[PDB]
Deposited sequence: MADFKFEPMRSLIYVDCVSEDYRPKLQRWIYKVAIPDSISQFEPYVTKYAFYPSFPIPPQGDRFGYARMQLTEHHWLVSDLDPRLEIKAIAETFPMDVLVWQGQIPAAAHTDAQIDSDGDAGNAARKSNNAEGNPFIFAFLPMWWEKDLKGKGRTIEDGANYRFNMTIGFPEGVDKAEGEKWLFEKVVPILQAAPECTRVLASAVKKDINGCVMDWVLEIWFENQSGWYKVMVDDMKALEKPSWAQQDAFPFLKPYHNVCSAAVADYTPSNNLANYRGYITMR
């Protein structure tokens, strides 16, 4: 019988690998994914939302920048409980979506990154007490997973002892938050999620490219420059606004077409 109370926030990194796909992918998301999703998890998900990503910044490609959006669930139970595999109605999820997101080509293909977190950030490392009145945030959400055969403790150490200090040093960076990915849920390859706030694109660039040149290149690096990880495979990211109109449990009133 028993089901465990397991309150979590999940993030899905939705890419769009080509502008010609964007209409079609966006359609599927707002016309199909939403109702199909709510139809299943309404009773045990307290918040379902999409945060469309800002235009990819210079060198965003190197950070596995998701060119469509972040998809964000708040669960009361583990969606990976085997018992939850059974659904009266199943979702309509064509191959094409995987093409559009870049999981498949038509190029090598790219994993589907679905990270589970506690509902609250584990580490507040810069900008505690910042209110919304303090101004609009360029919120750079980035997840990372250390390559195979790299001790996780060492990766952690690198992240917090070498990377974060650079963020703290930069006045252009207004906030730093981190949570450890719950690997015990769906075997997601990622280890950490961070959100790193700037004022704008230029701030992001200055810090995440230029300030990060100062970093020692680690021996396990999969690219020459920070983040030293394979785009879309061991790192994904998006820059998003403070607010989304796509708070789907409250806001969705059907797929009403423009006139």
Quickly check which stretches of the deposited sequence aren't in the model, judged by C-alpha, and list them in order.
1, 108-130
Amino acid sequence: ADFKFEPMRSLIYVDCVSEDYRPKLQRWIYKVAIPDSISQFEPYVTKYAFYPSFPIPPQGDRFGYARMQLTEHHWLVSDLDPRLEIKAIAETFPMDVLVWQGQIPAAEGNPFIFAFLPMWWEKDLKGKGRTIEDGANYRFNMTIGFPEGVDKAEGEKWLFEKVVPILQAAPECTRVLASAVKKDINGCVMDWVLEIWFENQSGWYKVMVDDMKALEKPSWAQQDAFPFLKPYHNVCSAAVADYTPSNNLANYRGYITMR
From here on, numbers count along this sequence of modelled residues.
Is the mean CA B factor in the deposited entry higher across 79-87 or across 120-128?
79-87
Tell me which stretch has the larger mean Cα B-factor in this entry, 146-154 or 132-140.
146-154
Please work out which residue in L159, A107, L177, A170 has the highest C-alpha B-factor recorded for this crystal structure.
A107
Of the three thirds of the chain ranked by Cα temperature factor, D191 occupies the middle
Lowest, middle or highest third of the chain for the C-alpha temperature factor of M95?
highest
Can you tell me which third, lowest, middle or highest, the CA B-factor of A225 falls into for its chain?
middle
Which third, lowest, middle or highest, does the C-alpha temperature factor of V163 belong to within its own chain?
lowest
Using only modelled residues of the chain, where does the Cα B factor of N200 rank: lowest third, middle third or highest third?
lowest
